[PDB]
Amino acid sequence: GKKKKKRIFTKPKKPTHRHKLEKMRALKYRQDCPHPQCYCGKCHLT
RNA sequence: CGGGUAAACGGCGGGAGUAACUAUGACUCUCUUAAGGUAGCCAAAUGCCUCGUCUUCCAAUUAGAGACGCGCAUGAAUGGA
RNA sequence: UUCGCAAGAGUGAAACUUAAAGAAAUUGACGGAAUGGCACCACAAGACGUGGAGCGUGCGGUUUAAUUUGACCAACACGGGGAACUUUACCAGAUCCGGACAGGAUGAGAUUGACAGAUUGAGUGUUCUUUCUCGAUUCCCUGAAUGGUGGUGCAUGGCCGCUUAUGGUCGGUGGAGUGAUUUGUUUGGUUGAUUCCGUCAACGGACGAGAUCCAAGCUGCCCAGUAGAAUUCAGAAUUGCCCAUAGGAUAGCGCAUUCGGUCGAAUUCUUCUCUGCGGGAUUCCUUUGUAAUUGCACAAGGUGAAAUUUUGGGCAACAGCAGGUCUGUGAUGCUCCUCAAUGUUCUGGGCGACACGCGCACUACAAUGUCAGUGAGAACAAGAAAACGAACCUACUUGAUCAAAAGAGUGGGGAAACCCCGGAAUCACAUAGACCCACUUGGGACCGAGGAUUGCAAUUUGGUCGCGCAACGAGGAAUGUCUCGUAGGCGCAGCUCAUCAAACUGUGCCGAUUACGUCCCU
RNA sequence: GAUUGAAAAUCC
RNA sequence: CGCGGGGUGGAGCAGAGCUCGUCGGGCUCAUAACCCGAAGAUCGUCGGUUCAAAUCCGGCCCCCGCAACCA
RNA sequence: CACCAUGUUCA
Ligand SMILES: [K+]
Ligand SMILES: [K+]
Ligand SMILES: [K+]
Ligand SMILES: [K+]
Ligand SMILES: [Mg+2]
Ligand SMILES: [Mg+2]
Ligand SMILES: [Mg+2]
Ligand SMILES: [Mg+2]
Ligand SMILES: [Mg+2]
Ligand SMILES: [Mg+2]
Ligand SMILES: [Mg+2]
Ligand SMILES: [Mg+2]
Ligand SMILES: [Mg+2]
């Protein structure tokens with residue numbers, strides 16, 4: 001069958017991405033997205 | 001020239017491989033003869049090697065006996081046992 | 001120990017070994033036993049092969065990172081298995097969770113996604129730097145869950161193959177047995193047939209066989225504006241004396257033939273065609289046949305479109321098989337993996353790599369041929385699209401003031417309407433055509449240069465010019481299939497399918513030899 | 001290792 | 001010591017030949033038997049001589065022998 | 001009346 005013979009890795013284990021927490025980011029802030037529906041995170045507009 | 005006859009005189013093979021450990025080899029090839037030694041028997045008054053090897057006999061055995069047998073070169077009225 | 005010349009005879013243990021050894025019946029199975037049948041998956045008589053060559057494909061080895069795997073008569077163009085990606089199950093990587101749900105640790109920052117720069121094979125937030133954006137959807141770890149073309153077809157379902165193409169199979173009640181078991185289900189004839197007839201310790205049944213069924217013939221009703229015909233009125237074309245190159249043969253002797261564009265009108269009809277139900281064949285009829293000496297039948301001939309299961313199919317009892325399939329499935333039991341996954345996606349490679357062996361194909365070895373013309377001619381079929389047409393198939397034109405392969409345009413067809421009057425290839429030709437017995441204008445293996453086209457991808461597939469000096473001149477031992485519209489030859493369609501049939505499932509075309517037997521072989 | 005239903009054998 | 005003899009496909013053997021073996025394909029459910037095919041020895045060795053050498057002739061190197069005597 | 005041998009162990 002598909003034996004789990006395991007695998008040797010030539011690279012380090014890439015970490016799981018974690019969202020950066022900006023406590024009270026609203027207090028810190030600023031340009032409003034010009035895009036009608038919307039760097040602008042919503043439209044990725046640079 | 002063609003037959004017969006060995007209780008006529010006499011004669012009576014070699015090499016190579018092979019079993020689920022290893023040996024050795026039932027087995028198989030191959031060369032060969034007139035026939036390739038049968039039954040027996042043996043280091044025998046017959047064996048070179050040889051004071052063969054094992055057992056037995058002695059404190060000690062190139063001796064004796066019983067085995068064994070690749071028998072220089074045992075063997076059937078050249079009579080064998 | 002006794003006896004014997006001997007050979008031996010008489011007497012006669014044990015140690016140790018071992019779960020059976022035997023005996024008679026029954027049912028199978030087997031026989032280089034007998035008997036009667038039967039089958040070109042057997043043979044006889046044949047016919048076309050195969051095995052020899054090139055090439056396609058499958059299988060095995062060899063190799064490889066991986067060259068995924070099943071299967072070994074009844075595996076080997078089989079898995080509908082013609083794999084560019086996908087498929088794909090294999091290999092080198094890289095994503096996602098598609099871990100529901102419950103309990104924790106969080107938390108209106110739980111979270112989600114990201115531009116750029118580099119990470120990388122990746123103008124892959126994949127992860128990072130970096131800030132944005134999303135918002136209770138999700139994270140975290142604990143059990144759990146889930147998926148798997150993971151395993152095991154020797155755990156199974158279902159299906160298929162095979163036994164097993166033949167005539168087989170099983171109760172009941174009665175009879176016979178101590179019983180397993182037997183009789184019915186017997187033998188004789190008959191038959192493809194456990195098909196009938198006769199017989200009968202059986203008598204009644206049930207299933208297979210046959211019947212039914214679906215196509216091919218022949219025919220009745222129906223039927224046509226998705227099928228045809230024949231007339232009649234026009235419109236037209238040829239029109240007579242006509243003798244090839246050398247020009248044979250082969251009907252014609254009120255009213256000469258032609259013209260699916262002449263897109264002609266009119267009228268009538270169903271010869272062909274369409275097709276739902278009908279019919280038709282039953283050994284029916286006939287032998288101073290065979291048989292019978294009741295029968296059941298049979299052989300010839302007749303009649304007929306068809307004359308014996310009319311023909312080709314389908315269906316097919318009862319037992320089996322550790323046959324195949326856990327790679328068809330939300331068929332599954334038990335197991336294995338499960339978040340750097342045996343899940344899932346994406347990228348690159350493999351499934352097609354070669355010295356070889358084998359199965360099955362396709363093309364050859366030329367003259368009953370090969371080129372190059374002309375002619376006449378089938379059938380089976382398939383066609384376009386979700387949450388107004390467009391994809392699909394076509395004809396015709398053009399490209400064309402100039403190869404093919406293309407590429408355009410314009411129409412038509414949802415398919416008895418278009419394709420289509422379906423110009424299939426075998427085939428024909430008195431074509432006064434080329435070649436002339438050679439591996440050659442036979443044969444195309446294999447390779448070079450250009451260009452097209454399918455496709456996301458061609459490092460696919462046509463077409464053109466080279467190459468041919470690749471074998472191969474008919475194939476040893478062997479060995480397949482086949483009896484009439486058959487073998488063989490020849491095309492065509494469907495299918496898989498973006499592209500690609502030496503495959504298969506159908507279909508028409510042209511059309512033989514032989515046998516009409518037999519148990520030698522199997 | 002393959003093989004097998006397990007072994008043996010064989011190859012590997 | 002002398003005196004001889006003989007050295008060849010993997011094997012046993014001729015003078016490359018034969019037999020067996022080997023390898024490929026049949027035949028078999030398979031194996032053997034069998035059938036059809038393929039390969040495998042410049043011949044102890046070396047040198048000379050010969051057109052040319054397994055051969056001829058030497059020299060070696062083995063094997064096998066046969067003799068190896070006579071108060 | 002030519003020849004015509006054999007099938008590892010359990011299951
Ligand atoms: K006595
Ligand atoms: K006695
Ligand atoms: K024989
Ligand atoms: K034996
Ligand atoms: Mg003797
Ligand atoms: Mg002696
Ligand atoms: Mg003494
Ligand atoms: Mg003595
Ligand atoms: Mg002696
Ligand atoms: Mg003597
Ligand atoms: Mg299996
Ligand atoms: Mg099985
Ligand atoms: Mg196929």
# chains A, B, ... in the order shown; residues from 1 in each chain; ligands from 1
>>> interface_residues(of="chain A", to="chain C", cutoff="6 Å", atoms="only C-alpha atoms (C1' of nucleotides)", output="list in words")
residues 1, 2, 39, 41, 42, 44 and 46 of chain A
>>> closest_atom_pairs(of="chain E", to="ligand 3", cutoff="12 Å", atoms="only C-alpha atoms (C1' of nucleotides) and all ligand atoms", output="tab-separated table")
residue	atom	partner	partner_atom_place_in_ligand_line	distance
E:33	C1'	ligand 3	1 (K)	7.7
E:34	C1'	ligand 3	1 (K)	6.8
E:35	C1'	ligand 3	1 (K)	11.0
>>> write_last_selection(atoms="N, CA and C atoms (P, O5', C5', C4', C3', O3' and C1' of nucleotides)", output="PDB file, in the first residue's frame")
ATOM      1  P     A E  33      15.123 -34.001 -21.510  1.00  0.00           P
ATOM      2  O5'   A E  33      14.501 -35.169 -22.430  1.00  0.00           O
ATOM      3  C5'   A E  33      14.639 -36.545 -22.004  1.00  0.00           C
ATOM      4  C4'   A E  33      13.618 -37.387 -22.723  1.00  0.00           C
ATOM      5  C3'   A E  33      13.479 -37.143 -24.228  1.00  0.00           C
ATOM      6  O3'   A E  33      14.439 -37.859 -24.990  1.00  0.00           O
ATOM      7  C1'   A E  33      11.360 -37.059 -23.254  1.00  0.00           C
ATOM      8  P     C E  34      15.275 -37.114 -26.140  1.00  0.00           P
ATOM      9  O5'   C E  34      14.135 -36.636 -27.170  1.00  0.00           O
ATOM     10  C5'   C E  34      13.403 -37.632 -27.924  1.00  0.00           C
ATOM     11  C4'   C E  34      12.224 -36.971 -28.592  1.00  0.00           C
ATOM     12  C3'   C E  34      12.558 -35.875 -29.608  1.00  0.00           C
ATOM     13  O3'   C E  34      12.884 -36.399 -30.887  1.00  0.00           O
ATOM     14  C1'   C E  34      10.859 -35.114 -28.159  1.00  0.00           C
ATOM     15  P     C E  35      13.959 -35.657 -31.822  1.00  0.00           P
ATOM     16  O5'   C E  35      13.146 -34.402 -32.416  1.00  0.00           O
ATOM     17  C5'   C E  35      12.034 -34.651 -33.309  1.00  0.00           C
ATOM     18  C4'   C E  35      11.371 -33.339 -33.641  1.00  0.00           C
ATOM     19  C3'   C E  35      12.301 -32.221 -34.123  1.00  0.00           C
ATOM     20  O3'   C E  35      12.660 -32.352 -35.491  1.00  0.00           O
ATOM     21  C1'   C E  35      10.840 -31.367 -32.498  1.00  0.00           C
TER      22        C E  35
END
>>> residues_around(residues="segment 163-170 of chain C", least_positions_apart="2", cutoff="12 Å", atoms="only C-alpha atoms (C1' of nucleotides)", output="ChimeraX atom specification")
/C:38-39,41,73-74,161,172,185,191-195,205-210,316-321,323
>>> write_last_selection(atoms="C-alpha atoms (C1' of nucleotides)", output="PDB file, in the first residue's frame")
ATOM      1  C1'   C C  38     -22.090 -35.619 -30.448  1.00  0.00           C
ATOM      2  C1'   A C  39     -18.825 -30.814 -31.718  1.00  0.00           C
ATOM      3  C1'   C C  41     -13.775 -23.358 -29.600  1.00  0.00           C
ATOM      4  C1'   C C  73      -8.490 -22.867 -22.421  1.00  0.00           C
ATOM      5  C1'   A C  74     -11.424 -19.215 -19.196  1.00  0.00           C
ATOM      6  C1'   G C 161     -16.542 -14.859 -16.684  1.00  0.00           C
ATOM      7  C1'   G C 172     -44.067 -34.927  -3.167  1.00  0.00           C
ATOM      8  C1'   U C 185     -35.146 -39.968 -14.406  1.00  0.00           C
ATOM      9  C1'   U C 191     -34.545 -36.397 -32.057  1.00  0.00           C
ATOM     10  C1'   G C 192     -30.212 -30.618 -31.598  1.00  0.00           C
ATOM     11  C1'   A C 193     -32.774 -31.916 -27.304  1.00  0.00           C
ATOM     12  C1'   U C 194     -34.596 -35.925 -20.270  1.00  0.00           C
ATOM     13  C1'   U C 195     -37.235 -34.549 -28.232  1.00  0.00           C
ATOM     14  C1'   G C 205     -45.605 -32.625 -10.428  1.00  0.00           C
ATOM     15  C1'   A C 206     -41.824 -28.331 -10.948  1.00  0.00           C
ATOM     16  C1'   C C 207     -37.528 -26.285 -13.891  1.00  0.00           C
ATOM     17  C1'   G C 208     -34.354 -26.438 -18.249  1.00  0.00           C
ATOM     18  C1'   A C 209     -35.246 -28.118 -23.868  1.00  0.00           C
ATOM     19  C1'   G C 210     -38.726 -26.426 -26.885  1.00  0.00           C
ATOM     20  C1'   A C 316     -31.667 -19.673 -20.728  1.00  0.00           C
ATOM     21  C1'   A C 317     -32.258 -24.912 -15.318  1.00  0.00           C
ATOM     22  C1'   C C 318     -29.494 -26.997 -11.135  1.00  0.00           C
ATOM     23  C1'   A C 319     -25.173 -27.291  -8.865  1.00  0.00           C
ATOM     24  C1'   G C 320     -20.372 -25.234  -8.453  1.00  0.00           C
ATOM     25  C1'   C C 321     -15.532 -22.078  -8.786  1.00  0.00           C
ATOM     26  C1'   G C 323     -12.294 -17.271 -11.145  1.00  0.00           C
TER      27        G C 323
END
>>> residues_around(residues="residue 8 of chain E", least_positions_apart="3", cutoff="9 Å", atoms="only C-alpha atoms (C1' of nucleotides)", output="PyMOL selection string")
chain E and resi 16+41+43+54
>>> write_last_selection(atoms="N, CA and C atoms (P, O5', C5', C4', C3', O3' and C1' of nucleotides)", output="PDB file, in the first residue's frame")
ATOM      1  P     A E  16      36.808 -23.195 -34.884  1.00  0.00           P
ATOM      2  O5'   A E  16      37.089 -24.778 -34.991  1.00  0.00           O
ATOM      3  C5'   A E  16      36.073 -25.635 -35.567  1.00  0.00           C
ATOM      4  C4'   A E  16      36.714 -26.583 -36.551  1.00  0.00           C
ATOM      5  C3'   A E  16      36.499 -28.078 -36.283  1.00  0.00           C
ATOM      6  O3'   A E  16      35.381 -28.568 -37.008  1.00  0.00           O
ATOM      7  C1'   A E  16      38.813 -27.628 -36.402  1.00  0.00           C
ATOM      8  P     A E  41      35.495 -20.427 -29.578  1.00  0.00           P
ATOM      9  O5'   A E  41      36.277 -21.836 -29.583  1.00  0.00           O
ATOM     10  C5'   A E  41      36.622 -22.436 -28.310  1.00  0.00           C
ATOM     11  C4'   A E  41      38.028 -22.973 -28.381  1.00  0.00           C
ATOM     12  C3'   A E  41      38.824 -22.609 -29.639  1.00  0.00           C
ATOM     13  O3'   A E  41      39.509 -21.371 -29.509  1.00  0.00           O
ATOM     14  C1'   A E  41      38.917 -24.946 -29.291  1.00  0.00           C
ATOM     15  P     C E  43      44.781 -23.465 -30.805  1.00  0.00           P
ATOM     16  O5'   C E  43      45.341 -23.929 -29.364  1.00  0.00           O
ATOM     17  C5'   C E  43      44.479 -24.720 -28.505  1.00  0.00           C
ATOM     18  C4'   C E  43      44.685 -26.197 -28.756  1.00  0.00           C
ATOM     19  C3'   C E  43      46.117 -26.656 -29.091  1.00  0.00           C
ATOM     20  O3'   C E  43      46.467 -27.760 -28.265  1.00  0.00           O
ATOM     21  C1'   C E  43      44.594 -27.511 -30.678  1.00  0.00           C
ATOM     22  P     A E  54      48.145 -24.174 -36.808  1.00  0.00           P
ATOM     23  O5'   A E  54      47.583 -25.272 -35.773  1.00  0.00           O
ATOM     24  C5'   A E  54      48.115 -25.293 -34.428  1.00  0.00           C
ATOM     25  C4'   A E  54      47.928 -26.669 -33.844  1.00  0.00           C
ATOM     26  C3'   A E  54      48.934 -27.735 -34.283  1.00  0.00           C
ATOM     27  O3'   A E  54      50.147 -27.679 -33.545  1.00  0.00           O
ATOM     28  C1'   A E  54      46.724 -28.620 -34.320  1.00  0.00           C
TER      29        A E  54
END
>>> residues_around(residues="residue 8 of chain D", least_positions_apart="3", cutoff="12 Å", atoms="only C-alpha atoms (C1' of nucleotides)", output="ChimeraX atom specification")
/B:20 /D:3-4 /F:8-10
>>> write_last_selection(atoms="N, CA, C and O atoms (P, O5', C5', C4', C3', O3' and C1' of nucleotides)", output="PDB file, in the first residue's frame")
ATOM      1  P     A B  20      21.034 -30.864  -3.012  1.00  0.00           P
ATOM      2  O5'   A B  20      20.233 -30.312  -1.732  1.00  0.00           O
ATOM      3  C5'   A B  20      20.740 -29.135  -1.060  1.00  0.00           C
ATOM      4  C4'   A B  20      20.499 -29.263   0.424  1.00  0.00           C
ATOM      5  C3'   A B  20      20.235 -30.688   0.940  1.00  0.00           C
ATOM      6  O3'   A B  20      21.095 -31.065   2.022  1.00  0.00           O
ATOM      7  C1'   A B  20      18.260 -29.276   1.182  1.00  0.00           C
TER       8        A B  20
ATOM      9  P     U D   3       4.337 -10.345  -5.121  1.00  0.00           P
ATOM     10  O5'   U D   3       4.417 -11.953  -5.185  1.00  0.00           O
ATOM     11  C5'   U D   3       4.751 -12.595  -6.440  1.00  0.00           C
ATOM     12  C4'   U D   3       4.991 -14.060  -6.180  1.00  0.00           C
ATOM     13  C3'   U D   3       4.037 -14.709  -5.171  1.00  0.00           C
ATOM     14  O3'   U D   3       2.809 -15.075  -5.783  1.00  0.00           O
ATOM     15  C1'   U D   3       6.255 -15.273  -4.618  1.00  0.00           C
ATOM     16  P     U D   4       1.447 -14.323  -5.389  1.00  0.00           P
ATOM     17  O5'   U D   4       0.593 -15.497  -4.695  1.00  0.00           O
ATOM     18  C5'   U D   4       0.848 -16.865  -5.094  1.00  0.00           C
ATOM     19  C4'   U D   4       0.940 -17.730  -3.864  1.00  0.00           C
ATOM     20  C3'   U D   4       0.018 -17.349  -2.700  1.00  0.00           C
ATOM     21  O3'   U D   4      -1.319 -17.776  -2.921  1.00  0.00           O
ATOM     22  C1'   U D   4       2.183 -17.808  -1.885  1.00  0.00           C
TER      23        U D   4
ATOM     24  P     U F   8       3.768 -31.906  -5.760  1.00  0.00           P
ATOM     25  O5'   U F   8       5.016 -32.596  -5.014  1.00  0.00           O
ATOM     26  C5'   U F   8       6.342 -32.059  -5.236  1.00  0.00           C
ATOM     27  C4'   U F   8       6.931 -31.629  -3.916  1.00  0.00           C
ATOM     28  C3'   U F   8       5.936 -31.431  -2.768  1.00  0.00           C
ATOM     29  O3'   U F   8       5.644 -32.658  -2.116  1.00  0.00           O
ATOM     30  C1'   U F   8       7.384 -29.570  -2.887  1.00  0.00           C
ATOM     31  P     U F   9       4.270 -32.854  -1.305  1.00  0.00           P
ATOM     32  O5'   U F   9       4.407 -31.831  -0.074  1.00  0.00           O
ATOM     33  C5'   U F   9       5.286 -32.166   1.026  1.00  0.00           C
ATOM     34  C4'   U F   9       4.997 -31.220   2.161  1.00  0.00           C
ATOM     35  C3'   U F   9       3.518 -31.090   2.535  1.00  0.00           C
ATOM     36  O3'   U F   9       3.110 -32.128   3.413  1.00  0.00           O
ATOM     37  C1'   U F   9       4.493 -28.941   2.362  1.00  0.00           C
ATOM     38  P     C F  10       1.557 -32.331   3.761  1.00  0.00           P
ATOM     39  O5'   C F  10       1.373 -31.421   5.073  1.00  0.00           O
ATOM     40  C5'   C F  10       0.031 -31.186   5.552  1.00  0.00           C
ATOM     41  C4'   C F  10      -0.125 -29.738   5.940  1.00  0.00           C
ATOM     42  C3'   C F  10      -1.517 -29.141   5.719  1.00  0.00           C
ATOM     43  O3'   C F  10      -2.443 -29.553   6.715  1.00  0.00           O
ATOM     44  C1'   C F  10       0.124 -27.616   4.987  1.00  0.00           C
TER      45        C F  10
END
>>> residues_near_ligand(ligand="ligand 5", cutoff="10 Å", atoms="only C-alpha atoms (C1' of nucleotides) and all ligand atoms", output="PyMOL selection string")
chain B and resi 37-41+71+74-75
>>> decode(residues="chain D", atoms="C-alpha atoms (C1' of nucleotides)", output="PDB file, in the first residue's frame")
ATOM      1  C1'   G D   1      12.366  -8.027  -1.249  1.00  0.00           C
ATOM      2  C1'   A D   2       9.239 -10.696  -5.008  1.00  0.00           C
ATOM      3  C1'   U D   3       6.255 -15.273  -4.618  1.00  0.00           C
ATOM      4  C1'   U D   4       2.183 -17.808  -1.885  1.00  0.00           C
ATOM      5  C1'   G D   5      -3.611 -18.501   1.398  1.00  0.00           C
ATOM      6  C1'   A D   6       0.562 -19.526   4.266  1.00  0.00           C
ATOM      7  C1'   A D   7       5.091 -21.939   3.727  1.00  0.00           C
ATOM      8  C1'   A D   8       9.165 -24.259   0.631  1.00  0.00           C
ATOM      9  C1'   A D   9      11.467 -23.203  -3.965  1.00  0.00           C
ATOM     10  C1'   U D  10      13.131 -19.572  -7.018  1.00  0.00           C
ATOM     11  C1'   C D  11      14.785 -15.163  -8.189  1.00  0.00           C
ATOM     12  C1'   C D  12      15.938 -10.767  -5.865  1.00  0.00           C
TER      13        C D  12
END
